[PDB]
Amino acid sequence: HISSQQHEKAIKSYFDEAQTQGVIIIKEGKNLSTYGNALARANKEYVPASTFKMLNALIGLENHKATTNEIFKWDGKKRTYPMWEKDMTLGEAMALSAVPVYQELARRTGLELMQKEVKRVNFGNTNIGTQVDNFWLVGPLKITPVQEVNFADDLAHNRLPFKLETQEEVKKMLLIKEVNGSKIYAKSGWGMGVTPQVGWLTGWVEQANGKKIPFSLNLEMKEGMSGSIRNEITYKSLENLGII
Ligand SMILES: *[B]([O])([O])[C][N]S(=O)(=O)[C]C1=[C][C]=[C]C(C([O])=O)=[C]1
């Protein structure tokens with residue numbers, strides 16, 4: 001067995017080498033562990049960015065604003081990324097992190113119902129303000145990494161206050177990787193309309209044996225960083241800890 005000094009040093013080095021600052025929080029049962037090169041980030045608020053898609057989708061499905069097979073049609077207007085210029089389900093929009101689709105869903109839900117559901121879930125600071133289509137991108141909604149891993153822990157275990165079927169539909173949308181009989185469920189986030197920019201990967205490992213290990217990586221993205229650094233640092237960290 002590797003010392004935890006070694007674990008903490010190895011995981012800190014993954015952040016150091018990506019030349020960023022960040023934290024990965026791992027929950028094992030009820031025990032939270034904080035790793036990385038900027039531990040104090042663990043209890044600081046950031047916009048949830050596209051991590052909010054998880055709750056956005058729970059809210060919309062529970063409230064019959066969409067079904068899992070409905071196709072959100074591209075309206076033909078130029079999008080920020082050409083990959084978004086196509087027709088997609090909530091599932092496909094989740095994988096592509098297609099903001100316009102999740103904005104449409106937010107608009108269907110409406111400000112009033114959205115506010116009620118976010119308070120009911122008590123997600124982050126629970127504050128959505130007045131614009132139903134961008135509160136998760138630029139504020140006022142904010143959340144700590146500890147809160148994000150706890151949200152992930154809830155979803156993984158079907159503990160959120162939504163039907164089981166709602167939760168299962170959403171979890172099916174989040175499978176991003178399989179590694180030696182482990183499945184990684186997670187949602188990326190990248191908040192580019194805040195400064196500094198925040199990057200997220202929040203989810204859980206479902207191990208071969210049934211155990212679900214939640215995690216939230218939170219870091220600072222800067223210009224010319226690749227998105228996949230969030231993934232790379234996560235996988236390296238989970239492997240270093242023998243979680244995958
Ligand atoms: B959300 O935070 O992922 C949306 N962020 S974005 O629209 O500013 C840029 C973007 C596009 C596609 C994928 C990502 C990502 O986070 O994986 C981000």
Side-chain angles (χ1 to χ4, degrees), residues 46-115 117-118 121 123-124 126-130 132-143 148 151-152 155 162 166-167 169-171 173-176 185-203 218 221-222 224-231:
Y46 308 88
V47 299
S50 302
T51 67
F52 185 69
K53 297 204 222 278
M54 290 185 281
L55 183 51
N56 197 347
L58 288 160
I59 296 171
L61 289 168
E62 182 95 353
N63 282 286
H64 304 104
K65 303 302 166 177
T67 65
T68 61
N69 69 328
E70 171 168 6
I71 290 157
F72 293 69
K73 295 273 156 84
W74 170 46
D75 57 6
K77 291 193 211 292
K78 177 141 252 170
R79 300 287 201 251
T80 312
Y81 308 97
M83 59 181 183
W84 295 346
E85 291 163 4
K86 73 168 218 83
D87 309 323
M88 56 200 105
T89 64
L90 290 183
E92 298 161 334
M94 186 78 76
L96 278 172
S97 201
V99 174
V101 171
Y102 279 90
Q103 283 176 315
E104 166 63 5
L105 186 66
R107 288 160 191 147
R108 295 187 187 179
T109 290
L111 192 73
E112 142 138 23
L113 174 58
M114 183 69 83
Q115 189 50 104
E117 291 291 83
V118 178
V121 165
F123 182 87
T126 83
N127 184 33
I128 77 167
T130 61
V132 74
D133 70 1
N134 80 353
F135 57 86
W136 64 88
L137 299 158
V138 298
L141 180 69
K142 299 267 179 84
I143 184 161
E148 276 252 343
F151 173 88
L155 178 47
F162 294 105
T166 311
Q167 290 178 74
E169 282 178 315
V170 178
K171 305 195 287 196
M173 293 171 193
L174 296 172
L175 178 61
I176 57 161
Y185 290 92
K187 181 58 189 90
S188 63
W190 189 341
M192 305 191 185
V194 293
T195 175
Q197 285 171 12
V198 60
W200 288 104
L201 184 67
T202 298
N218 178 279
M221 300 298 286
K222 40 264 296 191
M225 279 195 62
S226 150
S228 64
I229 215 45
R230 306 164 293 178
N231 303 261

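Start at 1 with the first residue, then count along the sequence. Note: hydrogens, waters and symmetry copies are ignored here, and every other heavy atom, side chains too, is used.
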Value rounded to 0.5 Å, distance of [atom1] in [X] from [atom2] in [Y]:
X    : Y    : atom1 : atom2 : result
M173 : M94  : CE    : CE    : 5.5 Å
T109 : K65  : OG1   : NZ    : 6.5 Å
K171 : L58  : NZ    : CG    : 10.0 Å
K53  : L105 : NZ    : CG    : 10.5 Å
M221 : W190 : CE    : CH2   : 3.5 Å
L155 : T202 : CG    : OG1   : 11.0 Å

Heavy-atom closest pair, residues [X] and [Y]:
X    : Y    : value
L90  : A66  : CD1-CB, 3.8 Å
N218 : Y46  : ND2-CD1, 3.4 Å
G189 : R230 : O-NH1, 2.8 Å
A98  : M88  : CB-SD, 3.8 Å
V118 : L141 : CG1-CD1, 4.2 Å
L201 : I176 : CD1-CD1, 4.2 Å

Checklist outcome for this item: Those residues at least two apart in sequence (or on a different chain) that pass side chain to side chain contact (heavy atoms under 4.5 Å, CB included) with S228 are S226, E232
Item to check | Pairing residues for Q103 by the side chain to side chain contact (heavy atoms under 4.5 Å, CB included) criterion, not counting sequence neighbours | outcome: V99, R107, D133, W136, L137
Indicate yes or no for a side-chain donor-acceptor contact from [X] to the backbone of [Y] under 3.5 Å, with no hydrogens or angles considered.
X    : Y   : value
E117 : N63 : no
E169 : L61 : no
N56  : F52 : no

Checklist entry - Which residues satisfy the salt bridge (charged side-chain N to carboxylate O under 4.0 Å, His left out) test with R79, sequence neighbours excluded? => result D75
Item to check | For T51, side-chain hydrogen bond (donor to acceptor under 3.5 Å, both in side chains) partners two or more places apart | outcome: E148
Item to check | side-chain contact (heavy atoms from CB on, under 4.5 Å) evaluation trace for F162 with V170 | outcome: CA-CA 11 Å; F162 294 105; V170 178; over 6 Å; no
Item to check | Residue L96 excluded, over 12 heavy atoms near CG under 6.0 Å | outcome: yes
Checklist entry - Taking only residues at least two apart or on different chains, which pairs with a member in residues 82-100 satisfy side-chain hydrogen bond (donor to acceptor under 3.5 Å, both in side chains)? => result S50-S97, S97-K187
Item to check | Pairs touching residues 94-115 that satisfy ring-ring contact (aromatic ring centres under 6.0 Å, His included), sequence neighbours left out | outcome: none
Item to check | Worked check of side-chain contact (heavy atoms from CB on, under 4.5 Å) between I143 and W200 | outcome: CA-CA 11 Å; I143 184 161; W200 288 104; 4.1 Å; yes
